[PDB]
Structure formats: C-alpha cells, structure tokens
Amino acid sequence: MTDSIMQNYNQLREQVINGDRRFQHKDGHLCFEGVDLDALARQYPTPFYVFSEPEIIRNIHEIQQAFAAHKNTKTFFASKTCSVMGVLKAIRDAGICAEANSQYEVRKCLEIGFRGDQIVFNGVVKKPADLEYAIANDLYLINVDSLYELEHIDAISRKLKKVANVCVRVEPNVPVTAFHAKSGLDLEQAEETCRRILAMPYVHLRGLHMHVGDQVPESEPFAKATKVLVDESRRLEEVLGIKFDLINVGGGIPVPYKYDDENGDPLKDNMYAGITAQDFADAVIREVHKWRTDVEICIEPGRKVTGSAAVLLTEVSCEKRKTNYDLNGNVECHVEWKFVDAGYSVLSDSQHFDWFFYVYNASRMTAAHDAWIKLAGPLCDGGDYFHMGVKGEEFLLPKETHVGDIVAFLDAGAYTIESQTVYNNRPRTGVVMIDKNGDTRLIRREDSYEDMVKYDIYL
C-alpha cells in the first residue's frame, strides 16, 4: 500500500534523528556529529560532500574489533574508495594501513604519511614505470596478477637491486569464473608461479591473495573462497618446503544502504547488507585457523570504512508542476518536479549502478515527508534525474518544501568523489570534513573555471 510505504519512510526518518549514532536534530534541521547541516550549507556553496571523521573511526573500530580473536591481523584501506588527502589522513591517524590501485595512488599514500611497509599495490595492468616506482619505495606487498607481469617484476627488481615483496593473486572458481573474472591466476597456476618466484634473487614471496567482490550479501562466498586459498597455502608449504608470511583475503564487507532489514531480502536487493564485519571475520578466521593460528591475515576493506561517513548536501534550486491531460481535457495526473543543484555528474552511482541513497529535506527534517515528488538534477540531459526512489522513481519530501531548502543524501562516502565528472562543464564538488572534535574545514575545493580550461592547449 502507498500508505504503508509513506508511514514506513517517516518511521525511518524519525529513527535518523532519534536513534542514529551519527545524527541529531536542532531547530528542525538535520545535524551530523553536532553540526547543523542547513547552516553548514549556507557557509559553503552547494553541492558539496561532508565527511565525518567520528564515523570513519567508528567503522574502523568495528572492523578491528571483528578480528580480535586473531592477533596478527593487518588492515589496509582500499583507497580507490576515497582518496581525498584529508580522508586518507583520517584513516592513517586511526591507525590502519593503505591499499593502492595505481602509481599515483601509491605516491599519494606515501605523501600523506603512510610508510612503504604500510602500502599494498594491487593491479591488473602494472606497467614497468608503475613497478619501478613501487619497488623503489619498498612496499609491503605488490600483488602478482599474471605470468606476463612477473617477468617485469624480476627484471626491474634485478635492475634496482631492491627486493620486491609479492603476493600471488588466485581467483577461486566458487559456484563462469574464466569468462567473468579478469583478475588473478587460476588455482592450477599458483604452484608454477610460486616456483618461479622462489628462483628470483630480488623477489620475496609472502603468500597468496584473493578478493571476492563488493557489497557481498552472504558469508558463505567468503568462507568457501577462503578455504580454497587456505588449502592451497597449506599444500604449497608442504610441496615447496616453505612457511608463508601471510594470507591476504581482500575486501567486500557490505554497508547498509536500506535499514529496514525486516522488510528486505539481501539476495534480491543488495542495498540491504546481508552480513556484518563480524560475519566476515568469522568466516575468514575459522578457515585460516584450520591451517595456522600464527600466520598474518591481511584484509583490504574499502566501502565499509567510509560509506556511512558522508552526506551529499544539495540545494533545491527550481521547481515545476507538469500535468498530463486526456483527450477531453481532464487531468490524468500531476507531477511535482524538484530540481537540486547536484546530478549524476556529482553522484555517479545513482545512475550508472542503480544505487539507492536515503533522501531527506535537511532543512525540514522534523516535518512529515508526505508529498510524492520527482527529483531532478541540473544537467541538460533528459536522463539526469534520480531514478532510485522510495516507490519506483518517486521520492517523499515535505509538501512545504521550498526553493532554497537543503536536501541530504545519506551514506554517500564510498566511490562518490573520484567518480565525478565535468559534464556540461559543471564543476566537481568541494568536500568538507567534520573532524573528531566536531569542527569543520574544507578539504577539497570546488573546481574553478580556470581549473577546467587549464588542461587545454590553445591560443
């Protein structure tokens, strides 16, 4: 019933401001770590993202606590999730390490203060220049994704006379893997890869690596895939006469994007998180301890560290009513369009990956969200409106919603910044940080006009 959906959404709204560790209300406005978000959006031009260092810390503590029973566990934040320097600084200051996915990501992590022995470099295309930069900076791990890439690692480590620390990435076939997974080696190739590495003077084999996927909604895939990696690690220790330093089990811990679990099925709608960080650790640690309790476990969480820790703030900038009439002139329906100053060039996954984010009127957060509306962006593009609504393509906002109100998208902290574009020559957004003491500062400027022509060469 449309009634039950509206009631349910407003119960969720009341829970945001009365039972959520991240949020409060003051003067009718949504607050984030004590910061009035209506007022904040009057200090900085919209649209912009605002991150919470407190929530990043909470997410890291959840992950670390999940692995308490295995003392030798190292956590590497997957920086492709978000690499604004102030966010990386917060993750460093919380005490964990960094995973990097290109040459420039390695360099950024070094610049912001991660030591080489706190960085893992992963990739399917690591060119000689990428490998030379990584080996020169003594990284904790460089993953081996293919036999072709291993030839370069051998040649370059010999040239630099510096040891390359490596893990061999294996992708288990856990019921297509050949046809759908570009990453890693087949299980059948792990032994010959490790044998080749053991003969190289300046390459050090540290263990095996896998990564099963993103926003994973059940625990058995981590468990079955971890068992495969563990069984092969055990067998290679015996066959090759060695003892591995570590096993790297990757990332994939999901984040709740819809919270009413009683009303969802994570296997049909993975906006419902199927599992928790504790379920992930329970799967990994149990399978590893069938082999060794002392070996180091490496994990590479991305989404879980930052996903819940940002909000997108965007101003209602225009409004219109459209009306469909039949042939006799009678009204078929009214459509209430609200236009915000952020579109899919700002929030890419709302279009390209059918991703749901909670939407509320932050200026009227204690008011009933009782009007069905369609929410559009500012791009000159018929497709730039938000399709992932509360009911179909329709959202709920207070009927009193006014141009100038601030709209908030929740859970906007993962894969939302580096994926922005300058389509229509609208600038990529500023980013604000709420630090752990509750104070705010700008950590990324909005693209300026100059920024957008400076790459071009012209008279």
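We number the residues from 1 along the sequence you see.
Zero if continuous, otherwise a range: how many residues of the deposited sequence are missing coordinates between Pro175 and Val176 (none, 1 to 3, 4 to 9, 10 or more)?
Gap between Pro175 and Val176: 4 to 9 unmodelled residues.
Look over 439 to 447 and 21 to 29 in the entry and identify the one with the greater average Cα temperature factor.
Mean CA B-factor is higher for 21 to 29.
Which has higher Cα B-factors on average according to the PDB entry: 350 to 358 or 310 to 318?
Of 350 to 358 and 310 to 318, the stretch with the higher C-alpha B-factor average is 350 to 358.
Looking at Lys338, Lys89, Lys304, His180, which one carries the largest C-alpha B-factor according to the PDB entry?
Most elevated C-alpha B-factor of the set, per the entry: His180.
Per the entry, which of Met85, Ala199, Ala134, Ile297 tops the list for Cα B factor?
The listed residue with the largest C-alpha B-factor is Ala199.
State the tercile, meaning the lowest, middle or highest third, of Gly34 with respect to the CA B-factors recorded for its chain.
Middle third.
Please say which third, lowest, middle or highest, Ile142 falls into when its CA temperature factor is compared across its chain.
Lowest third, going by the recorded CA B-factors of the chain.
Quick one: classify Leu208 as lowest, middle or highest third of the chain based on its Cα B-factor.
Ranked within chain, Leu208 CA B lands in the lowest tercile.
Going by the CA temperature factor in the PDB record, which third of the chain does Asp384 belong to: lowest, middle or highest?
As the PDB entry reports it, the C-alpha B-factor of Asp384 lands in the lowest third of its chain.
Comparing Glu400 with the other modelled residues of its chain, is its CA B-factor in the lowest, middle or highest third?
According to the entry, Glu400 has a C-alpha B-factor in the chain's highest third.
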